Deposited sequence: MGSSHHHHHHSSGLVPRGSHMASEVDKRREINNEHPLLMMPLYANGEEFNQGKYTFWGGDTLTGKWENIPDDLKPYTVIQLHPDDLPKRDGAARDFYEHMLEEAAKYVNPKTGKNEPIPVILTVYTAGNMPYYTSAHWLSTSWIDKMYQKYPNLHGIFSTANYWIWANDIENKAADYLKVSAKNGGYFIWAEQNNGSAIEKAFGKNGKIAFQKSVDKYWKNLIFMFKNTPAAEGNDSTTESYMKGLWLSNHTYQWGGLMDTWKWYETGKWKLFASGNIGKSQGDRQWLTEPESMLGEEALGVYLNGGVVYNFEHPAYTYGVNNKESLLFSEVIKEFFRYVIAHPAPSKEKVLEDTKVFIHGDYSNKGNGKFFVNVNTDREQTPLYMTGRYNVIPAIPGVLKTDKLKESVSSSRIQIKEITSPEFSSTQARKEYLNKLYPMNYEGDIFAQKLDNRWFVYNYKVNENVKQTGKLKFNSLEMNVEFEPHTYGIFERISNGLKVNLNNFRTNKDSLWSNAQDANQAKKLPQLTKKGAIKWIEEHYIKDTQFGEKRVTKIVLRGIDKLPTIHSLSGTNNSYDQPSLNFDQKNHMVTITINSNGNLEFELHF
C-alpha cells in the first residue's frame, strides 16, 4: 500500500523514454535507438531534476515473440538496480517505468503482448526501483479485453504501491469506452477502488482527428472527480506528420509522406505552449515524442530539451501547479457527458480553440472546462452535455461568458494564476503576430508576440519578473531542394536512422539557429524609466533589450530581439 514515489504538484514527474533497438537485440546486444544508455542517460539528468524524473523503457521494435521483451526488460532493470553513483560510491537504484501495453498488445504490433501480469507482479516484488507501468496509444486498435487488462494493471500496481500510467487520446471514444461506455466496466470498478495508483494522460499524436481539447477536458475532470490520482499529457512532434505539414509556414499539404523530416519540424517553443495547458490546469506529468528531438541522442540533451523542456519543468518544480483544491475552487462549469456524441474536438472550436487540428487554445477565459464521460456518476454547475446551453457554438459561449468574466483584452492566449499572467501566440503554422493587454491591479501591460512564443509575467514587490521563450531553430535545411508541396512530398526519405544521424550531425552540433525576432512589452501607468536586472538566457540568442520611455504618457516600450529562453526583472 505505501506508494513507491509521490506524484503531485510539489513532486511533478517527467518521463524519460528509452526505446529498445530490436535489430541489435536479435544480435545479442541491449541498446536503445538514438544511442542513449540507461546509465549514461540517468547520469546526464541534472541533479536537481533527478528526484522528479523516471526512466521509461519502451520495447519499440523488439522481436514480436515470447521472451524478447521480458529478456530486454530484465537486463535493463538489473542495470538500473545495480547503478553506483560515480562520484559517491553509493548504490543508487535508478527509478524505472516499464511500457507494458501498447497498440492493443496485438501480437502483430508489439513484443509487449508477451508480458504477463504474473511477470509484472514478479518484477515489482524484485525491484523496489520499479515505480510504475505504462500503457500508451491504443485508440486506433481498441482490443477486445483492453478494459479488463487495464483493471489488472491498475490492481497489480496498487498491490505493490506502484502506479499504472495510461496515455490515451479520445479518438473513437477511447476515454469514454475505458470507463464503461460500451458495457466494459472492469476498469471503471478497478478505479473505484484503486484510483490513488492511477495516472491518466492525454496522447496528442493523432492530431488530424482534433480530439486534443476533449481529451484534455476529460483528463482534468477525471482528476477533479477522484477518478485518477494525477493527470498529464504526452505531447508529440509527430502531430506535424499526422496533419501533413512540411516547411514552417509554407503553403500546401504533403500528407503522411515525409515522417522523419516532419517530426523534426515542430517549433521547439510550441512544446512549451502545449505543456502550459497541462501545468495551468493542475496537471503534473509530462512525456514527449519523438524522443530523439524532444530529449536527445547519445546521452546528450537536444536543444529542444535544454532550452524549452528543462526550463519549463524546472519552472513547474519551483512554482507547483495549482492544487486540486484550487482548480476545483476556480471551476465554474463541469460537463457530464460524451464528447463523441457532440462532435468531439469540434465542441470547443470557436469556443476556446481556433480550429479542429491544434493542441493550443485561443483564450484562457474558461481555462480548460473539465468533464467526465456519461457512464460515470456525479457522484460549480454540473451540466449534462445534452443541455440546451451546449447545443451550439453560440450557446456555449453565452452560457460560459456569464460564469467566466472576460479578464484581458486582445486576440491572443492569456491566463492568470495569482500574480502571474501566462501568454502565448496561438497560431500553429501561420506567420501572424498577436497582441494583448493584461492588468495586475493598476499596472497595465501590452504585449506583442510572433508565433511560437510564450511568456510568464509575474508582478513582484518592486516591478515585474519576465520569463520568455520563443526558441525556434531553422528547419528549412531539411526541406532544401523543394520549392513547393509537390516537390517536398517527393524528397528522398530521411528514414529513422537518417533522422537520428541528422540530429547528431546538424542539431546536436552545427545547429542552424533561427533568426532573432522581436517581442514588444508596453507598460502603462508608469512614473519613471524602469531598469532591467538579472538578465540571462540562451547563450548568444538575445540583444540587450531596448527601452523607450514616454514620460508624458506614463508608458515605456521594451523591445526584445531574441530566439531562445530569456528572463529578467524590471524594477519600477
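Not built in the structure, per the record, are deposited positions 1 to 24, 404 to 413.
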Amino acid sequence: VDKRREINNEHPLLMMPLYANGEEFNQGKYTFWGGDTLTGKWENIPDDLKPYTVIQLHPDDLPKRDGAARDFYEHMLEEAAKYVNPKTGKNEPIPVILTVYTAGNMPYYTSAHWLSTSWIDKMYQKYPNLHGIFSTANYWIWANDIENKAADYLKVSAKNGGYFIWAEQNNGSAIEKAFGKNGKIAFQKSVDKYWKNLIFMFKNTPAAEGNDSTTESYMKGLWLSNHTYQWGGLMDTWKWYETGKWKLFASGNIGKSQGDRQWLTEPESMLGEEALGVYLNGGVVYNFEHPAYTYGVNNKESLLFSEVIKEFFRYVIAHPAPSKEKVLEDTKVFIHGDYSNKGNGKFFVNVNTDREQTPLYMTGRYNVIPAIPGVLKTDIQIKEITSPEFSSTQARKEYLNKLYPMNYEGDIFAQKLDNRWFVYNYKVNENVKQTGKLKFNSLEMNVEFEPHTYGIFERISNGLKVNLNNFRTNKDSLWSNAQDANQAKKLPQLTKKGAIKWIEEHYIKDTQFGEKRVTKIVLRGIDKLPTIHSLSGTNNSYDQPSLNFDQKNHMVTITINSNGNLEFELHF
From here on, numbers count along this sequence of modelled residues.
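Averaged over Cα atoms, the B-factor as recorded in the entry is higher for 460 to 468 than for the other of 263 to 271 and 460 to 468. Look at the mean CA B-factor for 198 to 206 and for 367 to 375 in the entry; the higher one is 367 to 375. Take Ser135, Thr393, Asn431, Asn253 and read off each C-alpha B-factor from the entry; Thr393 has the highest. In the deposited coordinates, the residue among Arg70, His58, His533, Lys516 with the greatest CA B-factor is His533. For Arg65, the recorded CA B-factor ranks within the lowest third of the chain. Only modelled residues enter the ranking. Per the deposited record, the Cα B-factor of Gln551 falls in the highest third when ranked against the other modelled residues of its chain. Sort the chain's modelled residues by C-alpha temperature factor and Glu325 lands in the highest third, per the entry.
Among all modelled residues in its chain, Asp192 ranks in the highest third by Cα B-factor. The deposited CA B-factor of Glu176 belongs to the middle third of values across its chain.
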